Amino acid sequence: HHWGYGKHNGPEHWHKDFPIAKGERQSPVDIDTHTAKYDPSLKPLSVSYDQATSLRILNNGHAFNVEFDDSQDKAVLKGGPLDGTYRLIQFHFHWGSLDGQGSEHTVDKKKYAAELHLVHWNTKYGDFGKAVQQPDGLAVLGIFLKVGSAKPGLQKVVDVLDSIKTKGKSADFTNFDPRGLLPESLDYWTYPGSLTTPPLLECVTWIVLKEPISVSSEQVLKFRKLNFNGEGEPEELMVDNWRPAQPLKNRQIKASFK
Ligand SMILES: NS(=O)(=O)c1ccc(NC(=S)N[C@@H]2CCN(c3cccc([N+](=O)[O-])n3)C2)cc1
Ligand SMILES: [Zn+2]
């Protein structure tokens with residue numbers, strides 16, 4: 001009886017195995033655009049993905065993860081609110097059963113169709129497993145997806161999803177360039193939060209881009225054909241794998257832009 005997104009094991013239940021679910025810096029949150037503070041001392045984000053080395057794609061039973069070689073500074077995030085260098089380890093998405101929901105963060109209570117999380121860890125902690133134990137261990141770059149025009153840089157991901165339909169399936173996924181998933185602007189909101197799935201560790205500096213990317217109806221429909229279950233288990237579509245907005249508590253969301 002492990003956590004998930006169903007009636008009996010979904011976000012309202014998590015606190016029973018993961019009591020930090022009710023903690024002081026949980027994610028996601030609503031981004032109230034009118035009460036976010038412009039911080040004119042925030043640095044431009046530096047996204048350095050030219051040397052990114054993607055390895056594989058995995059259906060872990062909660063989402064699909066595109067994994068990268070994080071054994072050297074190949075794909076890094078710097079600047080913005082961050083001190084030091086964070087390495088890209090993986091990206092994944094959260095999405096809805098319907099275009100009117102699927103994002104974890106909301107903007108003035110608006111839900112997008114999906115949300116992309118590019119997960120990075122602070123190199124001063126040596127590996128991802130150490131980093132998640134530290135209050136400054138991770139930087140997650142969050143990008144909203146709306147349904148409209150296709151995103152061409154997403155299509156390689158959409159086309160491989162047939163090979164990882166079920167929990168535990170993996171496929172080789174080399175030479176994927178995550179720069180093809182970024183919007184034009186790197187204007188952002190930032191706040192201190194958590195992982196949005198168990199174990200809900202309060203180790204994340206969230207960086208949420210103002211500008212969504214547009215994906216096609218056919219691209220998000222292909223996400224909804226995935227399964228939460230393993231092969232040979234009853235079929236349950238992988239949809240609505242999002243945690244709702246949590247209380248902001250004693251936090252201020254800062255903006256890089258006026
Ligand atoms: N949606 S999200 O972007 O907030 C986001 C959510 C979940 C993860 N977790 C990933 S990719 N791997 C898991 C999470 C933490 N983890 C554990 C668990 C307990 C202890 C340790 N350890 O060794 O210190 N490691 C391995 C990344 C990102
Ligand atoms: Zn996520």
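Here, residue 1 is the first one in the sequence, and each next residue gets the next number. Values below: all heavy atoms of this structure, side chains included; hydrogens, waters and symmetry mates excluded.
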### Task
Supply the atom-to-atom distance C203 SG to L138 CG, rounded to the nearest 0.5 angstrom.
4.0 Å
### Message
Measuring from atom CG of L77 to atom CG of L88, what distance do you get when rounded to the nearest 0.5 angstrom?
### Response
9.0 Å
Run the side-chain donor-acceptor check on residues 155-164: report pairs under 3.5 Å with partners two or more places apart or on a different chain.
residue : atom : partner : partner atom : Å
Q155    : OE1  : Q219    : NE2          : 3.0
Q155    : NE2  : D159    : OD1          : 3.0
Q155    : NE2  : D159    : OD2          : 3.4
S163    : OG   : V160    : O            : 2.7

Mind checking whether [X] and [Y] sit in one hydrophobic cluster, side chains of I, L, V, M, F, W, Y counted as touching below 4.5 Å?
{"X": "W242", "Y": "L145", "result": "no"}
{"X": "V76", "Y": "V140", "result": "no"}
{"X": "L55", "Y": "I57", "result": "no"}
{"X": "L181", "Y": "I143", "result": "yes"}
{"X": "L182", "Y": "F68", "result": "yes"}

#### Entry: For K225, salt bridge (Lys or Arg N to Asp or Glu O under 4.0 Å) partners two or more places apart
none
### Query
Residues two or more places apart in sequence or in another chain: which of them pass salt bridge (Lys or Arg N to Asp or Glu O under 4.0 Å) with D99?
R224
### Task
Decide side-chain hydrogen bond (donor to acceptor under 3.5 Å, both in side chains) for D240 and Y5; before the verdict, give the C-alpha distance in whole Å, the side-chain angles of both, and the deciding distance to 0.1 Å.
CA-CA 7 Å; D240 292 321; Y5 300 94; over 6 Å; no
[X] side chain to [Y] backbone, donor-acceptor under 3.5 Å:
{"X": "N227", "Y": "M238", "value": "no"}
{"X": "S216", "Y": "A150", "value": "no"}
{"X": "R251", "Y": "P192", "value": "yes"}
{"X": "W121", "Y": "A139", "value": "no"}
{"X": "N241", "Y": "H62", "value": "yes"}
{"X": "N9", "Y": "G6", "value": "yes"}
{"X": "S54", "Y": "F176", "value": "yes"}
{"X": "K249", "Y": "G23", "value": "yes"}
{"X": "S256", "Y": "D187", "value": "no"}

### Task
Could you point out which residue of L82, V204, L141, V47 forms a side-chain contact (heavy atoms from CB on, under 4.5 Å) with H120?
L141
Which pairs of donor and acceptor atoms, one on a side chain in residues 124-131, lie under 3.5 Å apart (sequence neighbours left out)?
residue : atom : partner : partner atom : Å
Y125    : OH   : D136    : OD1          : 2.5
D127    : OD1  : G129    : N            : 3.3
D127    : OD1  : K130    : N            : 3.0

### Task
Could you note down all residue pairs passing salt bridge (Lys or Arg N to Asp or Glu O under 4.0 Å) where residues 103-119 supplies at least one of them, sequence neighbours left out?
none
### Query
Taking only residues at least two apart or on different chains, which pairs with a member in residues 49-74 satisfy salt bridge (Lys or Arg N to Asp or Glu O under 4.0 Å)?
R56-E67, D69-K74, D73-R87
### Task
Before giving the answer on side-chain contact (heavy atoms from CB on, under 4.5 Å), spell out for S194 and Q26 the whole-Å C-alpha distance, their side-chain angles and the decisive distance to 0.1 Å.
CA-CA 5 Å; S194 73; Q26 287 292 292; 3.6 Å; yes
State whether a side-chain donor-acceptor pair under 3.5 Å links [X] with [Y].
{"X": "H13", "Y": "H8", "answer": "no"}
{"X": "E236", "Y": "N229", "answer": "no"}
{"X": "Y191", "Y": "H105", "answer": "yes"}

### Query
For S103 and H94, what are the C-alpha separation, side-chain angles and deciding distance, and is it a side-chain contact (heavy atoms from CB on, under 4.5 Å)?
CA-CA 6 Å; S103 65; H94 305 261; over 6 Å; no
### Task
For residues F257 and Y38, establish whether the separation of their ring centroids is below 6.0 Å.
no
### Side chains of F228 and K167 in contact at under 4.5 Å (non-hydrogen atoms)
no
### Query
What's the verdict on ring-ring contact (aromatic ring centres under 6.0 Å, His included) for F223 and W95, showing C-alpha distance, side-chain angles and the deciding distance?
CA-CA 8 Å; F223 283 19; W95 58 88; 5.1 Å; yes
### Message
Could you report the tightest heavy-atom contact between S217 and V147, atom names first, then the distance?
### Response
N-CG1, 3.7 Å
### Message
By the definition ring pair (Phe, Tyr, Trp, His ring centres under 6.0 Å), identify the one residue from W206, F91, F144 that meets it with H117.
### Response
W206
